[PDB]
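Colleague: Structure provided below as structure tokens; questions to follow.
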Amino acid sequence: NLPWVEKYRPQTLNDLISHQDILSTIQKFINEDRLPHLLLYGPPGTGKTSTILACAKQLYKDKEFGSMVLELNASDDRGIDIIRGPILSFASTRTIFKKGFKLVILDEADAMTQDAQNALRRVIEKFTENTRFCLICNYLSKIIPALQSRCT
Amino acid sequence: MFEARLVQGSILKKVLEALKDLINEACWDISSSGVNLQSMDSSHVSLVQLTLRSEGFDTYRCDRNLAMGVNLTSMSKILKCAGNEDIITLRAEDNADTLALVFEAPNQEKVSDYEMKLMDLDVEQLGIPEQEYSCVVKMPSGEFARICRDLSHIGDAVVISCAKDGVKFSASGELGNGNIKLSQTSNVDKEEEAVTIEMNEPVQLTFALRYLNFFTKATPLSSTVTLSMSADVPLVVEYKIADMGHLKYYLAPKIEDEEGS
Amino acid sequence: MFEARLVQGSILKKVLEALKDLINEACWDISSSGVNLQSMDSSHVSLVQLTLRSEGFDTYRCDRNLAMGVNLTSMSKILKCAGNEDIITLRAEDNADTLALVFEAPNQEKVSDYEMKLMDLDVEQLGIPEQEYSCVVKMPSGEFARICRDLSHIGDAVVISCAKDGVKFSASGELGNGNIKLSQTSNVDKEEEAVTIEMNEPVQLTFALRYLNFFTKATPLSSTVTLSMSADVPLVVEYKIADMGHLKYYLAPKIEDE
Amino acid sequence: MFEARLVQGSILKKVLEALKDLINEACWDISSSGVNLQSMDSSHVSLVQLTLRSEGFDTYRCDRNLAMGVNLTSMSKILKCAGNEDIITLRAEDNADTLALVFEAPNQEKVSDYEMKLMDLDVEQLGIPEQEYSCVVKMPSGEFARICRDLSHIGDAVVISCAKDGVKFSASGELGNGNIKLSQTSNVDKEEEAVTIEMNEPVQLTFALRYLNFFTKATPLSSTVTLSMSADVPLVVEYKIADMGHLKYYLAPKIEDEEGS
Amino acid sequence: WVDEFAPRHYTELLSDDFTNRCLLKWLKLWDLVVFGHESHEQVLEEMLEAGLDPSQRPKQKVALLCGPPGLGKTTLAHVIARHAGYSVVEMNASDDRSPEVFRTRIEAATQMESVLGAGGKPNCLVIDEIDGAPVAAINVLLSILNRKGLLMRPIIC
Ligand SMILES: Nc1ncnc2c1ncn2[C@@H]1O[C@H](COP(=O)(O)OP(=O)(O)OP(O)(O)=S)[C@@H](O)[C@H]1O
Ligand SMILES: [Mg+2]
């Protein structure tokens, strides 16, 4: 039928395990509406995408998840046309929905170049109150220290 | 079985050029009240509601509710096919995969049956809160279109200020500031120039320019335009098109700069 | 010597704006009968037969039969600044490289003498096209241009079908299916609006819409166009201008029928 | 404090649409005689001399002589947001840099204050010779505009001739030869359609077509235009505004050296 | 920052007198066509005197002032063109990228019969940074040089 990972993917903050300090701090930030730009980094398959999707489905309903969350991944090439393309135009716009920030899930953020990470640094620092980025990556050291210095 | 007949063909031939460049598709919802069309833009900023009631049609046959998804690229060239004073009809079967638009050719000699396919699009209704608006303005339509064309030469984001004095449209660009303020135009012969203010508390909202130009693409539908705005409610542009129904545009404001002292 | 003065310049400007993208060059044959222009495309897709009789002009003088071929766009630059109501003087010598246009376009007595050079092209010969068309339909021209634009809006190729009721147009594409179906409306006050029927042996064909648009860019040239089609013979549109001559356009059907 | 009240915005609109494709930046000299604009183009070939008298405005007030310089395309886009029946208020002060254009709209209800930012360019004033020429021909302006558009197609630069008979236009272009000659056009009912020859000495000079085309965009300002040709002093195209002032365009020739053979 | 100490005459130039003398000789060589008036050093003096065009023009019509980017060659060309009876209409090849506006700034700006308001003040063309220009612009200038209308005003690249 379906693979077991797509069947038994965790959908709750308690259903993800061994990240209890991280999930506690994320819940503390998201109950008080103080969530920053996130940078989740680590080995593959340890619960990076599913944690932020659980947090997105905590923040947003099923109807507005497809509107106030933009997902980019390995299918999208990460150069300089993307950062001046859909993600900038997504982050620089308001929504007719409830007055909350947007969300951009950028899978494999360690594959961006230094120029691309600097342009993303410009986009992140320009728009903060209406967009909260989420860069998830394998290696922290493959991104610039300015990008590490603007997102938690 | 859905069957609708218009009184004059020019209703679609003025209402569908306003959706030529704004929205990408059309979601027709059928009901005993009539037809409606709610579509959000691809950038999720602009929202279009089109509500045509059943009493405005010449004849109207419907049995159950239907959701219908069509492409506006070929429809926006099929509007050029029909005439201006002919009679148009929309026909839709129960299980068919094509809808028919049956009208008369501009030669007044030839029956025109244009068949358009259905795109099975999975969309959901947002749901307008329909809150009490903090400022309502009644204005002419061509005046609003020419003031958007006027502030299209200055800056890419106009500023609508609405106080008890009236409405101030201000554009600031690299060239220089330009502001236009209206007040108390009830001393006119025709009733369509009554630029009236209906609420007290002032608001100041910055809107995009290309979106307001796409909104003012719908001038000859009606004579007057109702602009509703509040502190956090989006801009509502209401057109009372003829007697069959109305049209609404919903526009989120732009993001304000960090101008804290 | 060659000399022809057209009474009004809107006909010549409008036909040269009609075939501005159809052909690549215009070749006039000059005799005592009038001005003959028979042009054929490089890809064997369309043919133009324009005849201007000598009685339609105020003065037409011709000594020897001539054949002058000039690149259209060059004369399009000439008559893009002409007048709607003006006297046009088209002249050339017997053995010369030049061709002169003298006109008084804005009714401001500005005698504008414009000269252009002749292009020596290969003389290909097309004597007489065969005219044994079973299906003949007279239709008003401006609304024919309207429905040509209508069919060009939706599809990329037009399926045409004659029938005893009239002429049925269709087109298909991945966004929609355009269809239109003629009816007899002879009970009108306008004699141009009536469609005349001389059709037998109905034939279904297919055509390219852009060539139909290039044919029917000459909407205000005549009040009534004529369509003539049959099996495996190219379709003819025909404008009979009331004074100076006639114009015919030939389009071969596509290989992929229906 | 400089304040000028243009009676109608149509003449300003035609002045700016004449000067739009020629001048990089426009300089105004303000005195009790009125307003002056003596400037060169972006290529230092042509000269513009606009004079607007003091009595033509509704109210014209000026305390000290002012030498302002403004960007021209910015002012074209500012003036594009204006009607044709509205009074125009040009405002400037003694010790600042903002130029204000305050006018009414075609609604005739709303004020419109468009601010602009001037330039700090010091330009040496070139003395106009104000001498006599070799030929003066009076001709309606629509004839000159249509013959410039008609003669732009045949060639790239055109040689013009004037003699005792009349005026002559010649073009040796890539298409071929284009030659017109007009004289004694005074035998019509209208007073505008008239060509008058004043002087005696015949002149033949060649000029670029694009500068003539940009000169002919002042067509509906004046019913009649004046052409002054001379062998040494440049070509003069003068449009006389009816009750406001005048506008002169000066054009330098081009090199046409004879063949050595 | 060169406010009042700028050179303006031939007595304020900071180059060697042979180069300035031959540059002034080349500038005054055009008086037969513009005004209509009737070691390596010896090679330059031979090529500046022996043989001319039938239309009273020199063999070369463009000077290449190659050197380091400083050292005031532009100011030297300015004061020499002021001294020789011309007016300096400078232009820049670095802000001009499109060939259409280049031909506007070259073939539609100068080197025609630009009889201005000052009849006693003709004009000459001075171009800086010709090495950084794209090859289309220098091919256009080569076609202007090889045009046989005729080029009469000097070009100081
Ligand atoms: N903490 C966890 N508890 C339970 N199941 C988990 C946990 N983390 C991961 N899984 C399972 O492993 C799968 C992979 O999780 P994901 O977060 O989607 O992968 P990832 O952490 O984003 O790493 P990538 O995408 O390969 S770089 C999930 O769909 C679950 O089936
Ligand atoms: Mg992932």
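Ligands are numbered from 1 in the order shown, chains are lettered A, B, ... in the order of the structure tokens, and residues start at 1 in each chain.
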From the DSSP assignment of the backbone, select every residue of segment 207-236 of chain D that is alpha helix (DSSP H), and format the answer as a PyMOL selection string.
Modeller: chain D and resi 209-215
Colleague: Write out chain D, as a compact mmCIF listing (two decimals) with C-alpha atoms, in the first residue's frame, after superposing it onto chain B by least squares using every C-alpha atom paired in order.
Modeller:
# COMPACT_ATOMS: atom_id res chain seq x y z
CA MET D 1 -28.55 20.96 -15.85
CA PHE D 2 -27.33 24.55 -15.55
CA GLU D 3 -28.56 27.08 -18.12
CA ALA D 4 -28.13 30.83 -17.70
CA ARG D 5 -29.45 33.44 -20.14
CA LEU D 6 -27.55 36.72 -19.85
CA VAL D 7 -29.71 39.49 -21.31
CA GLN D 8 -26.72 41.42 -22.70
CA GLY D 9 -23.13 40.32 -23.30
CA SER D 10 -21.71 43.73 -22.37
CA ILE D 11 -21.75 43.04 -18.62
CA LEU D 12 -20.04 39.63 -19.11
CA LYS D 13 -17.51 41.29 -21.39
CA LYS D 14 -16.73 43.95 -18.78
CA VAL D 15 -16.56 41.32 -16.01
CA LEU D 16 -14.06 39.24 -17.97
CA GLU D 17 -11.97 42.24 -19.04
CA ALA D 18 -11.89 43.21 -15.36
CA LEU D 19 -10.81 39.73 -14.26
CA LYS D 20 -8.44 39.01 -17.19
CA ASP D 21 -5.15 40.19 -15.66
CA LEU D 22 -5.81 39.09 -12.06
CA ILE D 23 -7.13 35.52 -11.71
CA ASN D 24 -5.43 32.33 -12.88
CA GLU D 25 -8.66 30.28 -12.92
CA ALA D 26 -12.25 31.21 -12.13
CA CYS D 27 -14.60 29.07 -10.03
CA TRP D 28 -18.39 29.27 -10.26
CA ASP D 29 -20.84 28.03 -7.64
CA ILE D 30 -24.31 27.44 -9.07
CA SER D 31 -27.42 27.36 -6.88
CA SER D 32 -31.04 28.54 -6.95
CA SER D 33 -29.87 31.93 -5.64
CA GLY D 34 -27.82 32.25 -8.82
CA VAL D 35 -24.09 32.21 -9.51
CA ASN D 36 -21.16 32.94 -7.20
CA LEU D 37 -17.44 33.44 -7.77
CA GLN D 38 -15.33 33.57 -4.60
CA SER D 39 -11.68 33.14 -5.44
CA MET D 40 -8.11 34.30 -4.92
CA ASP D 41 -5.68 35.75 -7.45
CA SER D 42 -2.49 34.13 -8.76
CA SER D 43 -0.51 35.63 -5.86
CA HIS D 44 -2.89 35.01 -2.88
CA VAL D 45 -3.18 38.71 -1.95
CA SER D 46 -6.55 39.79 -3.37
CA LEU D 47 -10.02 38.24 -3.35
CA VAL D 48 -12.80 38.33 -5.95
CA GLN D 49 -16.46 37.94 -4.97
CA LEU D 50 -18.86 38.05 -7.94
CA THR D 51 -22.55 37.45 -7.25
CA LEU D 52 -25.10 37.18 -10.06
CA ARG D 53 -28.71 36.91 -8.90
CA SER D 54 -31.31 34.58 -10.37
CA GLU D 55 -33.78 37.29 -11.39
CA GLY D 56 -31.24 39.18 -13.51
CA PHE D 57 -30.99 36.53 -16.22
CA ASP D 58 -33.64 36.00 -18.87
CA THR D 59 -34.02 32.31 -18.05
CA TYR D 60 -31.98 30.82 -15.21
CA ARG D 61 -32.39 27.13 -14.42
CA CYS D 62 -30.36 24.83 -12.19
CA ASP D 63 -31.25 21.48 -10.63
CA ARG D 64 -28.33 20.72 -8.29
CA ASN D 65 -25.58 22.92 -6.87
CA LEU D 66 -22.57 22.93 -9.19
CA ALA D 67 -18.94 23.81 -8.42
CA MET D 68 -17.21 24.33 -11.77
CA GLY D 69 -13.74 25.72 -12.40
CA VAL D 70 -12.52 27.09 -15.73
CA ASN D 71 -9.36 28.55 -17.17
CA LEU D 72 -9.76 32.30 -17.39
CA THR D 73 -7.61 33.42 -20.34
CA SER D 74 -9.29 30.73 -22.46
CA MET D 75 -12.67 32.17 -21.48
CA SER D 76 -11.44 35.71 -22.22
CA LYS D 77 -10.48 34.62 -25.73
CA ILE D 78 -13.82 32.79 -26.08
CA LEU D 79 -15.79 35.89 -25.02
CA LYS D 80 -13.66 38.07 -27.35
CA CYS D 81 -15.61 36.52 -30.25
CA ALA D 82 -18.89 38.13 -29.19
CA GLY D 83 -20.92 41.27 -29.73
CA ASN D 84 -22.50 43.63 -27.23
CA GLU D 85 -26.23 43.32 -28.07
CA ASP D 86 -26.53 39.52 -27.91
CA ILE D 87 -28.11 37.23 -25.32
CA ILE D 88 -25.62 34.75 -23.86
CA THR D 89 -26.51 31.14 -23.02
CA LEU D 90 -24.20 29.47 -20.51
CA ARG D 91 -24.81 25.71 -20.67
CA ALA D 92 -23.51 22.89 -18.50
CA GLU D 93 -24.85 19.47 -17.54
CA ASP D 94 -24.73 17.26 -14.47
CA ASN D 95 -21.98 14.75 -15.29
CA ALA D 96 -19.61 16.22 -17.87
CA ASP D 97 -16.91 18.84 -18.30
CA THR D 98 -17.81 21.09 -21.26
CA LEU D 99 -19.03 24.66 -20.74
CA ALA D 100 -21.02 25.99 -23.71
CA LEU D 101 -21.40 29.68 -24.57
CA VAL D 102 -24.16 30.06 -27.16
CA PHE D 103 -24.89 33.57 -28.38
CA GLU D 104 -26.04 35.58 -31.37
CA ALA D 105 -23.78 37.82 -33.41
CA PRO D 106 -24.03 41.50 -34.44
CA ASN D 107 -25.47 40.16 -37.72
CA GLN D 108 -28.33 38.74 -35.56
CA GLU D 109 -28.66 35.79 -37.95
CA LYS D 110 -26.01 33.24 -36.94
CA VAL D 111 -25.78 31.21 -33.76
CA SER D 112 -22.38 30.77 -32.12
CA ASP D 113 -21.70 27.73 -29.91
CA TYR D 114 -18.29 28.01 -28.22
CA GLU D 115 -17.35 24.96 -26.17
CA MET D 116 -14.81 25.15 -23.35
CA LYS D 117 -13.04 22.63 -21.13
CA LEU D 118 -13.27 23.06 -17.36
CA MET D 119 -10.70 22.31 -14.63
CA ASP D 120 -10.64 19.80 -11.77
CA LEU D 121 -9.21 22.06 -9.06
CA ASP D 122 -10.54 21.57 -5.53
CA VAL D 123 -10.40 24.97 -3.80
CA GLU D 124 -11.19 25.51 -0.13
CA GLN D 125 -13.92 28.12 0.30
CA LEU D 126 -12.70 31.08 2.35
CA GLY D 127 -15.46 32.51 4.51
CA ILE D 128 -16.19 36.18 3.82
CA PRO D 129 -16.38 38.04 7.17
CA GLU D 130 -19.30 40.33 6.12
CA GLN D 131 -18.45 42.71 8.96
CA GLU D 132 -18.60 46.48 9.28
CA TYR D 133 -15.62 48.64 8.32
CA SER D 134 -14.02 51.90 9.47
CA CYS D 135 -14.94 54.11 6.48
CA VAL D 136 -17.39 53.82 3.57
CA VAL D 137 -17.15 56.26 0.65
CA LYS D 138 -19.45 56.32 -2.39
CA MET D 139 -17.71 57.65 -5.51
CA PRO D 140 -18.29 57.35 -9.29
CA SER D 141 -16.29 54.56 -10.91
CA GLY D 142 -14.69 56.65 -13.65
CA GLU D 143 -13.09 58.85 -10.98
CA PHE D 144 -11.55 55.78 -9.32
CA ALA D 145 -10.34 54.31 -12.62
CA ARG D 146 -8.78 57.58 -13.76
CA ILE D 147 -7.17 58.22 -10.38
CA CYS D 148 -5.70 54.70 -10.39
CA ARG D 149 -4.22 55.30 -13.85
CA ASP D 150 -3.11 58.77 -12.70
CA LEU D 151 -1.49 57.44 -9.51
CA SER D 152 0.26 54.48 -11.16
CA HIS D 153 2.79 56.82 -12.80
CA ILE D 154 4.14 58.60 -9.70
CA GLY D 155 4.90 55.56 -7.54
CA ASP D 156 4.84 51.77 -7.19
CA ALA D 157 2.62 51.40 -4.10
CA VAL D 158 0.24 54.00 -2.69
CA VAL D 159 -0.99 54.93 0.78
CA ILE D 160 -4.66 55.96 0.91
CA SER D 161 -6.32 57.84 3.77
CA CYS D 162 -9.92 58.46 4.76
CA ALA D 163 -11.15 60.71 7.57
CA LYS D 164 -14.16 62.82 8.55
CA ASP D 165 -13.44 65.27 5.71
CA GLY D 166 -13.09 63.05 2.65
CA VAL D 167 -10.85 60.58 0.87
CA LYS D 168 -7.12 61.05 0.29
CA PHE D 169 -4.60 59.46 -2.08
CA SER D 170 -0.86 59.62 -1.41
CA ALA D 171 2.17 58.32 -3.32
CA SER D 172 5.82 58.56 -2.27
CA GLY D 173 7.37 57.52 -5.57
CA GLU D 174 10.77 57.85 -7.20
CA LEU D 175 9.62 60.98 -9.05
CA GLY D 176 8.42 62.69 -5.87
CA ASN D 177 5.17 63.08 -3.93
CA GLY D 178 1.64 62.83 -5.27
CA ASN D 179 -1.20 63.81 -2.92
CA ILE D 180 -4.87 64.34 -3.74
CA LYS D 181 -7.83 64.91 -1.42
CA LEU D 182 -11.49 65.06 -2.42
CA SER D 183 -14.58 65.82 -0.34
CA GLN D 184 -18.20 67.07 -0.74
CA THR D 185 -18.68 66.35 -4.44
CA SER D 186 -22.50 66.17 -4.22
CA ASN D 187 -23.13 69.74 -5.48
CA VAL D 188 -23.47 68.91 -9.19
CA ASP D 189 -26.43 68.25 -11.48
CA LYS D 190 -25.60 64.57 -12.09
CA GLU D 191 -26.45 61.90 -9.54
CA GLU D 192 -23.44 59.72 -10.39
CA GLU D 193 -20.84 62.40 -9.53
CA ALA D 194 -21.25 62.14 -5.77
CA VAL D 195 -18.96 61.20 -2.88
CA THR D 196 -20.65 60.09 0.35
CA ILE D 197 -18.92 59.40 3.67
CA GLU D 198 -20.68 56.99 6.04
CA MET D 199 -18.43 56.13 8.99
CA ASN D 200 -16.26 57.96 11.51
CA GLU D 201 -12.91 56.33 12.30
CA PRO D 202 -10.06 57.57 10.05
CA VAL D 203 -7.83 54.97 8.39
CA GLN D 204 -4.51 55.11 6.52
CA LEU D 205 -3.38 52.00 4.65
CA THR D 206 -0.94 51.26 1.83
CA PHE D 207 -1.67 48.96 -1.11
CA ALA D 208 -0.01 47.84 -4.32
CA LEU D 209 -0.85 49.89 -7.41
CA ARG D 210 -1.13 46.98 -9.86
CA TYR D 211 -3.96 45.31 -7.95
CA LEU D 212 -5.85 48.62 -7.84
CA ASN D 213 -5.28 49.00 -11.60
CA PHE D 214 -6.63 45.50 -12.19
CA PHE D 215 -9.60 46.29 -9.92
CA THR D 216 -10.43 49.45 -11.89
CA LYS D 217 -10.99 47.48 -15.12
CA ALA D 218 -14.61 46.96 -14.01
CA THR D 219 -15.30 50.63 -14.78
CA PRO D 220 -18.41 50.65 -17.05
CA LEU D 221 -20.22 47.92 -15.10
CA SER D 222 -21.38 50.33 -12.39
CA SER D 223 -21.87 54.09 -12.54
CA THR D 224 -21.02 54.32 -8.82
CA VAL D 225 -18.46 52.33 -6.83
CA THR D 226 -18.27 51.81 -3.07
CA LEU D 227 -15.00 51.81 -1.10
CA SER D 228 -14.85 50.27 2.38
CA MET D 229 -11.69 50.62 4.46
CA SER D 230 -10.86 49.20 7.88
CA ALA D 231 -7.73 48.71 9.96
CA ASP D 232 -7.93 44.90 10.12
CA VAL D 233 -10.40 43.66 7.47
CA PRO D 234 -9.12 44.30 3.90
CA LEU D 235 -10.03 47.05 1.44
CA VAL D 236 -13.36 46.50 -0.34
CA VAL D 237 -14.15 47.84 -3.82
CA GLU D 238 -17.79 47.09 -4.68
CA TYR D 239 -19.35 47.58 -8.12
CA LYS D 240 -23.13 47.23 -8.02
CA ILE D 241 -24.58 46.05 -11.32
CA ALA D 242 -27.94 47.69 -11.97
CA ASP D 243 -30.26 44.69 -12.36
CA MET D 244 -27.89 41.69 -12.32
CA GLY D 245 -25.81 41.55 -9.14
CA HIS D 246 -22.57 42.85 -7.64
CA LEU D 247 -18.80 42.39 -7.72
CA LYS D 248 -16.41 42.95 -4.81
CA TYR D 249 -12.61 43.15 -4.82
CA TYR D 250 -10.73 42.64 -1.54
CA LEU D 251 -7.18 43.95 -1.23
CA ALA D 252 -4.59 43.15 1.52
CA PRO D 253 -2.08 45.85 2.58
CA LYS D 254 1.72 46.03 2.31
CA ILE D 255 4.46 46.49 4.91
CA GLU D 256 5.54 50.06 5.69
CA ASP D 257 7.73 49.84 8.80
CA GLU D 258 8.77 53.06 10.52
CA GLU D 259 12.44 54.04 10.66
CA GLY D 260 14.41 53.21 13.79
CA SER D 261 16.16 56.63 13.82
Colleague: Find the spatial neighbours of segment 75-90 of chain A, counting only C-alpha atoms, within a cut-off of 7 Å - ignore same-chain residues fewer than 3 positions away - and output them as a list in words.
Modeller: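 Residues near the query, excluding close chain neighbours: residues 72, 93, 112, 116, 119, 120 and 123 of chain A.
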Colleague: Using only C-alpha atoms and all ligand atoms, which residues have at least one atom no more than 9 Å from ligand 1? Output them as a count of residues only.
Modeller: 31
Colleague: Counting only C-alpha atoms, which residues of chain C come no farther than 8 Å from chain D, as a ChimeraX atom specification?
Modeller: /C:74,77-78,81-82,108-117
Colleague: Hey, what's within 12 Å of segment 10-19 of chain E if we count only C-alpha atoms and toss same-chain stuff fewer than 2 positions away? As a count of residues only, please?
Modeller: 32
Colleague: Give me, please, the distance in Å between atom CA of residue 64 of chain E and atom CA of residue 129 of chain E, quoted to one decimal.
Modeller: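 Going from atom CA of residue 64 of chain E over to atom CA of residue 129 of chain E, I get 10.6 Å.
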Colleague: Considering only C-alpha atoms, return as a list in words whatever protein or nucleic-acid residues lie within 12 Å of residue 150 of chain E, sequence-local ones (same chain, fewer than 2 positions apart) excluded.
Modeller: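 In the requested form, the answer reads residues 254, 255, 256, 257, 258, 259 and 260 of chain D; 33, 34, 53, 55, 56, 57, 61, 107, 111, 112, 113, 143, 144, 145, 146, 147, 148, 152, 153 and 154 of chain E.
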Colleague: For the residues selected in the previous step, produce a file with C-alpha atoms as a short mmCIF file (atom, residue, chain, number, x, y, z; two decimals), in the first residue's frame.
Modeller:
data_model
loop_
_atom_site.label_atom_id
_atom_site.label_comp_id
_atom_site.auth_asym_id
_atom_site.auth_seq_id
_atom_site.Cartn_x
_atom_site.Cartn_y
_atom_site.Cartn_z
CA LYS D 254 25.00 68.27 -41.11
CA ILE D 255 28.03 67.63 -43.31
CA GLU D 256 27.38 66.91 -47.00
CA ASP D 257 30.77 67.08 -48.72
CA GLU D 258 30.89 66.99 -52.52
CA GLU D 259 32.56 64.08 -54.30
CA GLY D 260 36.15 64.49 -55.45
CA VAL E 33 38.81 71.02 -44.28
CA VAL E 34 37.18 72.38 -41.11
CA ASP E 53 43.86 62.89 -48.68
CA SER E 55 39.69 66.07 -49.56
CA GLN E 56 42.41 67.90 -47.53
CA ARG E 57 42.38 65.36 -44.71
CA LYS E 61 41.75 60.71 -38.10
CA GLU E 107 26.74 59.75 -35.06
CA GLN E 111 31.17 65.45 -36.15
CA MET E 112 28.45 66.83 -38.43
CA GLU E 113 28.14 70.49 -39.45
CA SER E 143 32.88 51.97 -39.74
CA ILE E 144 32.50 55.71 -39.12
CA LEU E 145 36.24 56.12 -39.79
CA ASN E 146 35.96 54.03 -42.98
CA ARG E 147 32.92 55.99 -44.22
CA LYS E 148 33.73 57.54 -47.59
CA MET E 152 35.57 66.23 -40.76
CA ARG E 153 35.78 66.77 -37.02
CA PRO E 154 38.79 65.36 -35.12
#
Colleague: Find the spatial neighbours of segment 32-42 of chain C, counting only C-alpha atoms, within a cut-off of 9 Å - ignore same-chain residues fewer than 2 positions away - and output them as a VMD selection string.
Modeller: chain C and resid 22 to 30 44 to 55 60 to 65 126
Colleague: Output N, CA and C atoms for every residue in that selection, as a compact mmCIF listing (two decimals), in the first residue's frame.
Modeller:
# COMPACT_ATOMS: atom_id res chain seq x y z
N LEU C 22 1.39 38.52 -45.89
CA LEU C 22 1.07 37.38 -46.74
C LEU C 22 2.24 37.04 -47.66
N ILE C 23 2.68 38.02 -48.44
CA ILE C 23 3.66 37.81 -49.47
C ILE C 23 4.96 38.49 -49.03
N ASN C 24 6.04 38.27 -49.79
CA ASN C 24 7.29 38.97 -49.56
C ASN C 24 7.57 40.05 -50.59
N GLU C 25 6.92 40.00 -51.76
CA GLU C 25 7.12 41.00 -52.80
C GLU C 25 5.86 41.09 -53.64
N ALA C 26 5.66 42.26 -54.25
CA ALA C 26 4.51 42.53 -55.09
C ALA C 26 4.98 42.73 -56.52
N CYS C 27 4.41 41.97 -57.46
CA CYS C 27 4.80 42.00 -58.86
C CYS C 27 3.57 42.34 -59.70
N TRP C 28 3.58 43.53 -60.30
CA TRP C 28 2.49 43.98 -61.16
C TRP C 28 2.82 43.70 -62.62
N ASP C 29 1.86 43.13 -63.33
CA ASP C 29 1.91 42.99 -64.78
C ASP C 29 1.04 44.08 -65.40
N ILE C 30 1.62 44.86 -66.30
CA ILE C 30 0.99 46.04 -66.87
C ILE C 30 0.69 45.76 -68.34
N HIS C 44 4.21 27.53 -50.94
CA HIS C 44 3.05 27.02 -51.69
C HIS C 44 1.79 26.92 -50.83
N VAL C 45 1.54 27.95 -50.03
CA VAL C 45 0.43 27.93 -49.09
C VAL C 45 -0.68 28.90 -49.45
N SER C 46 -0.38 30.00 -50.13
CA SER C 46 -1.39 31.00 -50.46
C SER C 46 -1.07 31.62 -51.82
N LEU C 47 -2.10 32.20 -52.44
CA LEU C 47 -1.95 32.84 -53.74
C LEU C 47 -2.84 34.07 -53.80
N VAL C 48 -2.33 35.14 -54.40
CA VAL C 48 -3.02 36.42 -54.51
C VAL C 48 -3.21 36.74 -55.98
N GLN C 49 -4.45 37.04 -56.37
CA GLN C 49 -4.77 37.46 -57.74
C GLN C 49 -5.57 38.76 -57.65
N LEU C 50 -4.90 39.88 -57.89
CA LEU C 50 -5.50 41.21 -57.80
C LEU C 50 -5.53 41.83 -59.19
N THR C 51 -6.72 42.18 -59.66
CA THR C 51 -6.89 42.79 -60.97
C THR C 51 -7.52 44.16 -60.81
N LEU C 52 -6.88 45.18 -61.38
CA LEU C 52 -7.39 46.54 -61.38
C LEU C 52 -7.60 46.95 -62.83
N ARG C 53 -8.85 47.07 -63.26
CA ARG C 53 -9.13 47.41 -64.64
C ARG C 53 -8.86 48.89 -64.90
N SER C 54 -8.63 49.21 -66.17
CA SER C 54 -8.24 50.56 -66.56
C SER C 54 -9.38 51.56 -66.44
N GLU C 55 -10.64 51.10 -66.48
CA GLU C 55 -11.77 52.01 -66.42
C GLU C 55 -12.01 52.56 -65.03
N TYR C 60 -5.26 56.04 -67.26
CA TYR C 60 -4.39 54.87 -67.31
C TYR C 60 -3.76 54.82 -68.69
N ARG C 61 -2.44 54.98 -68.74
CA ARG C 61 -1.68 54.94 -69.98
C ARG C 61 -0.61 53.86 -69.90
N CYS C 62 -0.54 53.04 -70.93
CA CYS C 62 0.44 51.95 -71.01
C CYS C 62 0.84 51.78 -72.46
N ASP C 63 2.15 51.83 -72.73
CA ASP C 63 2.65 51.64 -74.08
C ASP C 63 3.03 50.18 -74.34
N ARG C 64 3.91 49.63 -73.52
CA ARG C 64 4.36 48.25 -73.64
C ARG C 64 3.99 47.49 -72.38
N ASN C 65 3.75 46.18 -72.54
CA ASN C 65 3.46 45.33 -71.40
C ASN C 65 4.69 45.18 -70.52
N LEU C 126 2.15 31.30 -63.70
CA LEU C 126 0.92 30.62 -63.32
C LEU C 126 -0.19 31.17 -64.20
Colleague: Smallest atom-to-atom distance to ligand 2: which of A:26, A:146, A:105, A:56, using only C-alpha atoms and all ligand atoms?
Modeller: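 For ligand 2, the nearest of the given residues is A:105.
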Colleague: Residues of chain A no more than 8 Å from chain B, counting only C-alpha atoms: send them over as a list in words.
Modeller: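 Close enough to count are residues 63, 67, 90, 92, 93, 94, 95, 96 and 130 of chain A.
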Colleague: I need the chain E residues near chain D as a PyMOL selection string; criterion: at most 7 Å, counting only C-alpha atoms.
Modeller: chain E and resi 105+109+112-117+149-150
Colleague: Grab the atom CA of residue 146 of chain C to atom CA of residue 187 of chain C distance for me, in Å with one decimal place.
Modeller: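 These two atoms are separated by 21.5 Å.
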Colleague: Need the shell around residue 88 of chain C: protein/DNA/RNA residues with any atom at most 10 Å away, counting only C-alpha atoms. Skip same-chain ones fewer than 6 positions apart. Format as a PyMOL selection string?
Modeller: chain C and resi 4-10+12+57+82+101-105
